[PDB]
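Observations on chain architecture
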Amino acid sequence: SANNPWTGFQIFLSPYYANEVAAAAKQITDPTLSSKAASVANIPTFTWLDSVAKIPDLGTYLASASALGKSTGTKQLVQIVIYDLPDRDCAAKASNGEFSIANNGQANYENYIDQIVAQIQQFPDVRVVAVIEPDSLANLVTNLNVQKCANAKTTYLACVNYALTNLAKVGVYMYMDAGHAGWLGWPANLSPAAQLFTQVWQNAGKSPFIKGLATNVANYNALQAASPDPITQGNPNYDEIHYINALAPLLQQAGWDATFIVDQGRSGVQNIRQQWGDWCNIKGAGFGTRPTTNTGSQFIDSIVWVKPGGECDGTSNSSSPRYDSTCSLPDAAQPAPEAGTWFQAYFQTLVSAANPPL
């Protein structure tokens, strides 16, 4: 639509990912691959606020972005992910979320949001784009037979509402997570998904800052596939563009001119999964299309890199208390360290298998 949040802004580059990448590139012994790896630090990614302990870091990023804007005569944009719901990841075998519904989870989440708002309010010259709560509302479409999800439903809805309502007051542009083509893109799931997302938008007051939805976050699907990946048989929506083209009109019919952003950070290599549901450290992945607002679709504001490639999805060590057995499957790269920590061998392959090449 007319207001693309990225137009006219320079994207602030994550210092944390830059430091991970710089350390990683020194460990790559081929000097040409090391040079290509070093250049990843100049590709914009999202910063994940996956615990309250990261909120002070957000304040430093906003202040640095504000000063860089003044130093260079530009307007800066910071990209963040809000990811701390109570009883987070209700359908997963293991969750690293720090809040629980049974221990004041909603109140703790609201305090987490209030602290984020307090930082953003101090730097009105910096634009913020936020992805709201990966792996949350999509579970309320297909996973209500999971008792933990059924019990979390009202809390997930109330917490997402609090985030949307309060971040809108400080002018944050928001995209709610909407799974991916192999989750909500099944034709039978499209209408229940559109009904849920529209309800959430209505309850939050239909703010123009609620721009739309994010897809493929931390996944591996193509935006536009040359031929369908075999894992997709039975689903005519075999890539993200098919999913978005099918869902967007349903949202428009309800009065919401929604737009989309699509993660392509680990999408460069297709046909590497044994089953569509396999999500953990998929072996052979490559960096995909770099972030751009030249998307080829009316409905897509930007291709983005939401999940930072090289940070592990989960451990393969079956003795860890954070162990998710999805991370032991055959198409998962192993041995793998704990979720969120740097996985050097995986990063090196992301660089070597990048498509387009770095």
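Residues numbered from 1 in each chain as written, not as in the entry; some residues may be left out. Heavy atoms only, no water.

The record for the entry shows the title "Neutron structure of cellulase Cel6A from Phanerochaete chrysosporium at room temperature".

1. Some thoughts on the side chain of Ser207
So the rule is basically this: A run of DSSP states H or I qualifies as a helix once it reaches four residues; a run of E qualifies as a strand once it reaches two. Both are numbered from the N-terminal end. Accessibility here uses a 1.4 Å probe with only protein chains present; expressed as a share of the type maximum, an area under 20% marks a residue as buried, one over 50% as exposed, and anything in between as partly exposed. It only takes one pair of heavy atoms within 4.5 Å for two residues to be counted as in contact.
Take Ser207: it is sitting in the loop between α7 (187-203) and β6 (210-215). Its relative accessible area of 12% is what places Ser207 among the buried residues. In this view, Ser207 contacts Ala168 and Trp201; residues no more than four positions away in its chain are not counted.

2. Some remarks on the UniProt feature "binding site: substrate" (unreviewed entry) in the protein chain
Here is the rule: UniProt positions are given in the numbering used here, feature names are shortened, and annotations may be inferred rather than shown by experiment.
The residues that UniProt annotates with the feature "binding site: substrate" (unreviewed entry) are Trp48, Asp50, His180, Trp183, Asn219, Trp279, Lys307 and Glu311. With the annotated positions falling across 264 residues, the maximum pairwise C-alpha distance of 23.0 Å shows that they are not confined to a single cluster. Secondary-structure assignment places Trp48 in strand β2 (residues 47-49). Under the relative-accessibility criterion, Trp48 is labelled buried at 15%. Excluding anything up to four places from it in sequence, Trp48 contacts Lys54, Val81, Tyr83, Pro134, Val217, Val306, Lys307 and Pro308.

3. Section: the UniProt feature "active site" (unreviewed entry) in the protein chain
Note the cut-off: We call two N or O atoms a polar contact when they sit within 3.5 Å, provided that within protein one can donate a hydrogen and the other can accept it, with sequence-adjacent residues counted only if both atoms are side-chain atoms.
As recorded in UniProt, the sites labelled "active site" (unreviewed entry) are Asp89, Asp135 and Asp313. Across 225 residues, the annotated set stays spatially compact, with a maximum C-alpha separation of 13.3 Å. Locating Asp89 in the fold gives a position in the loop between β3 (76-82) and α4 (105-121). Look at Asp89 and you get buried, because its relative accessible area is 6%. Residues contacting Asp89, with those up to four places away along its chain left out, are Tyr83, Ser95, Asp135 and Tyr156. Of the polar contacts made by the side chain of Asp89, one reaches the side chain of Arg88; its length is 3.0 Å. Mapping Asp313 onto the fold places it in the loop between β8 (300-304) and α9 (344-352).

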